[PDB]
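One chain comes next, on its own, written as structure tokens: the form deposited in one PDB entry.
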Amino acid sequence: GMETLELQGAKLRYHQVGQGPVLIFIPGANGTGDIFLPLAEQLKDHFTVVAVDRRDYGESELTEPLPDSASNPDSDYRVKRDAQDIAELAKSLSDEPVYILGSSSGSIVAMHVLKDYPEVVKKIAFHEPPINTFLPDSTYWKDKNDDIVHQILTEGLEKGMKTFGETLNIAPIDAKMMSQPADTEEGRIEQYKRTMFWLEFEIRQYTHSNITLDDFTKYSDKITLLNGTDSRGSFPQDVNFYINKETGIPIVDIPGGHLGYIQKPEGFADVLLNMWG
């Protein structure tokens, strides 16, 4: 049971309980207003407690996707947009400046609400802010944040792909090709996005999907199985050997490895022309 304010680019959802002057709670890391609901109950007889799901979280919905620069660590799009959400939320519920509390990164949003929309602010509270920009040692703390985020975003992935490599016995050539960075940064950032997506939304769902041997036998005359000449011993060739074992469907060898169609396009094509040309 949530309220909705439609705004530029999002349906902003929020709880509202009580009577009197409006009191907006801005969540921190958890991003959602439910975490203030026991606090609201203790306040609903003095303030109209409004507790927001910030537009990227919870029951709030984006109506158009984030800009691609939002992943840049010095992008200001999201913090400024959250702060404008709170100001428009205030302006839609009150004709007076309102009370505001933010906690942790939510208190940083609160700082930007006061900076950019001081006319909506009656009183404001910053509960344990982690912003570092104005500290004498801002650099130390910014560098810690950057390096721990970098570790999280990269280490486990690198290890897991190598573990995939040994477990599946991927050929060296494929391994280097399949894990080579892009010459640009716009192409390099996309490639982490894409790999993360394949991992969460493709590999498990597709490799355990609803194909039976019976499906191949039904139309056996149509099917060729292809094994690369440079990827012998790898797990997908064993998939083809098993299909062939149980169905009789022929295996054709074709040049290159798992990526043979671009490792060796000429020889790849010569085989496809022999089969189908």
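Throughout, we count residues from 1 along the sequence that is shown.
When the mean C-alpha temperature factors of 124 to 132 and 157 to 165 are read from the deposited coordinates, 157 to 165 comes out higher. Higher average CA B factor: 144 to 152, of the stretches 106 to 114 and 144 to 152.
Set against one another, the Cα B-factors of 38, 31, 250, 228 in the record reach their highest point at 38. Of the candidates 203, 83, 98, 175, it is 175 whose Cα B-factor is highest according to the PDB record.
Remark: residue 235 belongs to the middle third of its chain, ranked by C-alpha B-factor as recorded. When all modelled residues of the chain are sorted by CA temperature factor, residue 193 is found within the highest third. Placement of the Cα temperature factor of residue 49 within the chain: highest third of the modelled residues, per the deposited record. Remark: residue 119 belongs to the middle third of its chain, ranked by C-alpha B-factor as recorded. For residue 43, the recorded CA temperature factor ranks within the highest third of the chain's modelled residues.
Below, we refer to the form deposited in another entry, which is not included among the displayed structures.
Relative to the rigid parts that move between the shown form and the other one, the hinge contains 156, whereas the other entries in 233, 221, 210, 156 stay over 12 positions from any hinge.
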